[PDB]
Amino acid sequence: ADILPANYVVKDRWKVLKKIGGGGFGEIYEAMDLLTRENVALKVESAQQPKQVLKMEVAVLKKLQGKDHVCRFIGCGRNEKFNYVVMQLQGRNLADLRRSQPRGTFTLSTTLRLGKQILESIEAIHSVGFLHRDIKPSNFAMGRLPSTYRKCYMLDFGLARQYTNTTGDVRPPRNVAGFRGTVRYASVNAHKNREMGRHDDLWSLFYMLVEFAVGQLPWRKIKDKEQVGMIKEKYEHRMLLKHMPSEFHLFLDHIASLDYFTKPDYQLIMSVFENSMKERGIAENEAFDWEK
């Protein structure tokens, strides 16, 4: 049922080595670039499959070229059987790296430094007029080169949505928008099927960094979407910060104050991370938990 067989060659250039991921919206392959001789990421979707995401992914990936924390764009194409995008291959995703930790926790050093990079990548996609809407650990990975192994990349844009027109004006929100992302990291606004805003990506970041440093979220073992939403709407989020740096109260307070229309203060949130490293002599050049 795989779209491309192993050893299949795309545009006489990209040779499929293996499927490395998959899900109801298309597949991702590791391929060899027969010209440049490096391995690459190859995302494919059926020409027929009713929801066409790669048109989204490619448009966002091209807009973001020249930013840190995004994959170099290599190529894209259509034909009778599938569409495809070729981009830079990255290393281990943050969900695998977290799971691999003894306590399923990152140190605060690793946590805070990932927060700075992920926040940059969130400000970057917002700056070109798109919401991510699916901020989660498996949507980031570390590099796999001497030049990148300490850099964190935003991998996928398949749920993204333009929140501007051509002019930089915020589009009108729909009265109802069926939330589509991952349950664990979704904001209360998404659970309520409200139009998501820039702040909803920052809610997802907030939940991810808590889960990083503390190893779990209170709703971890609930898979039912409505249940998770009802738990989150009640839950005293200062309890999440019990065992986090207190500067995170500023992060929480700020994003809780935002609405769909309001531009977040990203420098406020960048400050929270940097100050938190400062008060603790965490260095920008320290080993990540998974090295040594």
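For every residue, the number given is its place in the sequence shown, counted from 1. Rigid core (definition): largest C-alpha set, two forms, superposition within 1.5 Å.
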Discussion item. Aligning on the core, I want to see which stretch wanders more in 6 other deposited structures of this protein. Is it 49-57 or 230-238 by C-alpha RMS?
Written reply: 49-57
Worksheet entry | Between stretches 162-170 and 186-194, more displaced by Cα RMS in 6 other deposited structures of this protein (rigid core superposition) | 162-170
Fill in: Average Cα temperature factor in the PDB entry - higher stretch of 87-95, 212-220
212-220
Practice prompt. Between 103-111 and 202-210, point out the one with the higher average CA B-factor as the PDB entry records it.
Written response: 103-111
Worksheet entry | Per the PDB entry, maximal CA B factor within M239, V60, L42, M32 | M239
Worksheet, complete the sentence: Among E123, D156, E195, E80, the highest C-alpha B-factor in the PDB entry belongs to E80
Response to the item:
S147: CA B-factor among chain residues, third -> middle
Discussion item. Is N175 in the lowest, middle or highest third of its chain when residues are ranked by C-alpha B-factor?
Written reply: middle
Item to complete: Quick one: classify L64 as lowest, middle or highest third of the chain based on its Cα B-factor.
Response: lowest
Fill in: Chain thirds of CA B-factor: placement of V70
lowest
Worksheet item: By the record's CA B-factor, is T182 among the lowest, middle or highest third of residues in the chain?
Response: middle
